Structures are given as structure tokens and as C-alpha cells.
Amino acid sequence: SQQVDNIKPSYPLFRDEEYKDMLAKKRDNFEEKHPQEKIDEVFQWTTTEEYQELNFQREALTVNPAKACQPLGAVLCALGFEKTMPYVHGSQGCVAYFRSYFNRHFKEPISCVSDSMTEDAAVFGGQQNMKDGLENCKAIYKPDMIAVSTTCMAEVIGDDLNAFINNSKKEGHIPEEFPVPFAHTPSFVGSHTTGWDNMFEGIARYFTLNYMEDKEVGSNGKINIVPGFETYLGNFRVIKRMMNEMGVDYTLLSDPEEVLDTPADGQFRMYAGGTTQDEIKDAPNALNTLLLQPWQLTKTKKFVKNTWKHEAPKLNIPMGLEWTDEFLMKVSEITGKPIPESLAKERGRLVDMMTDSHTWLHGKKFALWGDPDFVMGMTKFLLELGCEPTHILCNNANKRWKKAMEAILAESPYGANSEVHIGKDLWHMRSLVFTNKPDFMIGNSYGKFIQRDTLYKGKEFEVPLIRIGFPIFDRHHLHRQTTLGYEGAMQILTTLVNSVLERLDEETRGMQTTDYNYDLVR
């Protein structure tokens, strides 16, 4: 039944006694369900250190990974160029999914085409796809550039993107001087981050490899900033704000911030803002190039040293206090621009918030996951806050990263009880939070199922999720936040200390039980 004044959706509709009566008969008669007792027994077993040892013995099965596949990053990279259509050479299934995944994080449109390779193209490659694909895309969606990446199919059959593209030009499917950067993005190597790096280097190479003879390091008096895979709008904004406050002439290379945040003012705009073709063409004439997320820009780093002759600084991601300082001092060194007082104050303000909130953050234990650079930067910041990052996991990281993390951990007394896990997944992470229970998880929306599992064991065992990273599907507009710089540190600290105080208020709301500590002031 529904009453029209009080219409119930799935929850709490299905909680009505009749629904509940029904689902129980369904179970009993036809579903052949294991005994609840059996269920509880197994559940209790999945929480043990015994299960944990089996879990960590896995060599072949992956469960609940914290990573995606290269072309997801190829696409995000491409969206950052002016009037550029991302184009994924291969099967259309992949592109349906790329678009939806980004749609749900950003609650925005995501524009991406496929050349719809099918069974035919296995026998005889995807040359016809690339020809008509390019011509169709160019006529219909009117891009100024098409940035080509690949699905795993086209990787496996061995489509040569380079020749395929040139032939399309040769037979008039598209103009001679129409930009079609390309990159090979195999899903079975690395991750979405690796795809960002490849697409980026693809586009840098396309525009500058053969134009170096007339270039001169420092000639345009700027610095190039390269963001990598970035899904907070406020991270693009905060870098641009800081450089403008310093009077630093800058070029952001791959800047999706406009196109990820168009106004709802009556018109759809498939394209908005982004790096211009001039900026990428002019990019070698910069003083130098900063890599904001160095662990995911291996290839880009190499290209930029070897071709452009920019000796890119070893900067960690500008997260927390020390590393934002090192970023700003390095920019200053290079640009000769002094760091203004405005920035000294913002920094001072962060420190004041650190002093204000330390009693609550101190000794607080965290499980953490996400992308390598993010994870490393969050870990740094937690150490600065007097938090224990007990369980640090990065699904898409190598051993070099693990060692550099163990180094950061070894430098802080708050890092004594931590362990860095690489190539593990959220099913591993689940066991960890049962056997060595932290206060909170920092992660993406996937961590909510871990939070549901801890609760079934008991409220005393529940680990609340603090959502920071990618993707975040079950809250709205978190993608407008910042995690880089002093601003990002402010926001992070706010979220952590208020997460602590929220949980405490939850445990002390029990009237005449725990509410002796339900304090008005904290």
C-alpha cells in the first residue's frame, strides 16, 4: 500500500510488515539459503586474522580494486585541451562506461566518442573505423582537435594508430594540418593514471617533437604546470590562484576545470576553456615544467627532460604544510618572484587551525587509499597533524613508491605503527580494519561497504568513512573541494577534526548513559 500524503520509496516501503512477510517466504521456500547461523559463522570468520592470512595469500583473484583502466585517464587528459574531443579507438562498451563513471562523480556531461570496433575488426584491424570515425566526429561535434586513445581490443590486435591516422589524412577523411594526437592506452598495463601520463605525453609530443630547432628555454618567461589525473575542481583553481597571487606567469597544461563546471544557464556547451594549441606549442619556451603528481607522470617527465630540456624539479605533490612550502619556494627560486604576504598569512591561518584542533586529532588512527601521489600527500599531512596512518594502501603503485613512503613514515614517530600495501585491493583493506581497527577510513565511495561490514560485527567495531578521493558517487558536490596547498590542507583538517567530533557526539548522545560527555563546547 501507499498513502498519498506519505508516499514511501524502496526504503522504507519494503520495511512494511507485508513486504517483510513476503520476502521471508520467498527465502524459505525457493532460495535454499544457508542457515543464518551459518551466515553469521562465516561472517565472524571473515573478520579474523586467520582469514586475513589466507586473504593476503591471494595470487590470482582480485576483489573490490581501488583503480581503473588507462583510457579513463586518457579521456580526462584530453578533456583538458581547448575544444578537444577525446576519441577512444576500439569498442564502444568502454566509452559508455568512461562517460557514466565521470558523469556520476562530477554530476556533469562527459563528451567522448568511440569508433565502435566489432567482430569484423579482429580479423582485419580497425583501419576503416579510424577513417570514418575521425571524419564523422569532425563533421558532427566540430572539435578543433581529436585526442586518440585505445581500448584493450585494439591493443591486442595491434592497430597501428600512427599509420591509421596518416592514411585517414591521405584519403581526405580529415585535413592535413588537423591535430590528431594519439596514444596507446592498454588497460592491462598500470591504471587510469598511466593512461593520463601516456595521453599527455602523446599530446606534448604531437605538438613539439619536430619544432624544437627554434625554441629557447626561458624565452617566454613562464613555468608550465602539469596536473596529472585530478578530479577536484578546487585543485585546478587553487594552483591558478597561488600563481596569480605571486604574479607568476603560468601555463596549465590540461585544464578541464571549465568543461567540468559549465553553468546551467539555458545552453549546453560541449566545450569550455582548456589549454590552447598555442600554449602547448609554446610550452618548450617556458623556464621549466612542474609535475604536480610526479609518481604518475613517469613518461611525461622523461619526454620533458629529453626533448624540451626542462630539468623538472623533484617536488612532491603540494599537499599539507611542508610540501606546499617547498612548492612555493621552488616556484620562487625559478621565477625570481617573491612569495607574497597574502600567502604567508594563509599559511599562518592553517597553522592556527592546526594548533586549535590538535587535541582532537592526536593519536587518531587512519586507513587510507587512492592514487599514489594523493595517498603520499595525505599521509604526509596526517603525520603533520599527529595522526597515525596505520593502513596505507595503493592498488596502482610500484615498489619504488612503497620505499619512498616507508622513508616518509620512518621520519616521523607517528609513522612507527604503519604499513604500506601496494597492489592490494579493498577486500584486503577490509580485513586490515577488522584485525587492527582504526578510528576512520579515508577513501572513495567504495569504502561505504567496508563501513557496512564493520557495523554488522558491532557498533563498537564500525569504522566511519571520510570520503576524500575518486570516485565519490553518494555525496553531491564534493568534487568542488580542494586538497592541494594551504586551502586544501584547511579543508582536509576541517573534515577530519569535524569527523572526530561528529562520531564522538554520536557515541555520547545516549541519555543517562554516555551523555555525561555530550559537551556543548569542544
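Note that residue numbering begins at 1 and tracks the sequence as displayed.
- Looking at mean Cα B-factors across 327-335 and 254-262, the upper value is held by 327-335.
- For the pair 355-363 and 168-176, the mean B factor over Cα atoms is greater in 168-176.
- Across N64, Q52, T495, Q481, the greatest Cα temperature factor reported in the deposited entry is at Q52.
- Highest CA B-factor among the listed residues (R349, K299, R269, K240): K299.
- Sort the modelled residues of the chain by CA B factor and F188 lands in the middle third.
- Per-chain ranking of the deposited C-alpha B factor places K448 in the lowest third.
- In this PDB entry, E37 carries a Cα temperature factor that places it within the middle third of its chain's modelled residues.
- Sort the chain's modelled residues by C-alpha temperature factor and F30 lands in the highest third, per the entry.
- When all modelled residues of the chain are sorted by CA temperature factor, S100 is found within the lowest third.
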